[PDB]
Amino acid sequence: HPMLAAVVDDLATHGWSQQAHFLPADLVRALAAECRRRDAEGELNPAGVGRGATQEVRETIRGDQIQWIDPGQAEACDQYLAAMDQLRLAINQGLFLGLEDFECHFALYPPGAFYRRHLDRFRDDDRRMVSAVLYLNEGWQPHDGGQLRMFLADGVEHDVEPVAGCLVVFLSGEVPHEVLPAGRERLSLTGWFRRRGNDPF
């Protein structure tokens, strides 16, 4: 509750926020467990890059394996979606960003996979406003690599280890970032809040 006020303040003053233990450890383990359960059934596939007709799996840019999440698949996820929707509304009431909906997927980087430097917002579609990433990895350590690296204002770089419970939120149109290789499995829940476009369809 007060932890949401923090994210909203952070986005306002800095354009990004990280919060430790955003969800309780019990729910985080279940989200990690749902991710593994999916992998075990071949339901995660190579993630791609770009939009529309030029969307391609390019493995020299992005190598994580993914699956989109919808309501009714698992109560752990329903709980996640609910937390995220509480965030969406906080951000709307405090910053007037006009977030309408939320895309998110489970993401598994096998060891060696990475995601080169990029913006989350598409070059020719500006609907993405806020990015949110929740990590699910227990006993992470600096020798394991695999950090998100964010390029902030004034040349400043900031690394975030992908530690269970940790949530990172940033302005999708404004914070370039990349994921470095890791020596072990790297689970996460990445998504984007987005605002109105030019059409409903």
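One-based numbering along the sequence shown.
Participant: May I ask you to compare 9-17 and 181-189 by their mean CA B factor in the entry and name the higher one?
Facilitator: It is 181-189.
Participant: For the stretches 150-158 and 37-45, which has the higher mean C-alpha B-factor as given in the deposited record?
Facilitator: Comparing 150-158 with 37-45, the higher mean C-alpha B-factor belongs to 37-45.
Participant: Would you mind checking where the Cα B-factor of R194 ranks among the modelled residues of its chain, as the lowest, middle or highest third?
Facilitator: Lowest third.
Participant: Would you please rank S172 by its C-alpha temperature factor against the other modelled residues of its chain and give the third it falls in: lowest, middle or highest?
Facilitator: CA B-factor rank for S172: lowest third.
Participant: Name the third of the chain's ranked CA B-factors that contains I66, choosing lowest, middle or highest.
Facilitator: Ranked within chain, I66 CA B lands in the middle tercile.
Participant: Comparing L27 with the other modelled residues of its chain, is its CA B-factor in the lowest, middle or highest third?
Facilitator: It falls in the top third of the chain.
Participant: Could you look up the Cα B-factor of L136 in the entry and say which third of the chain it sits in: lowest, middle or highest?
Facilitator: Middle third - that is where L136 ends up once the chain's C-alpha B-factors are sorted.
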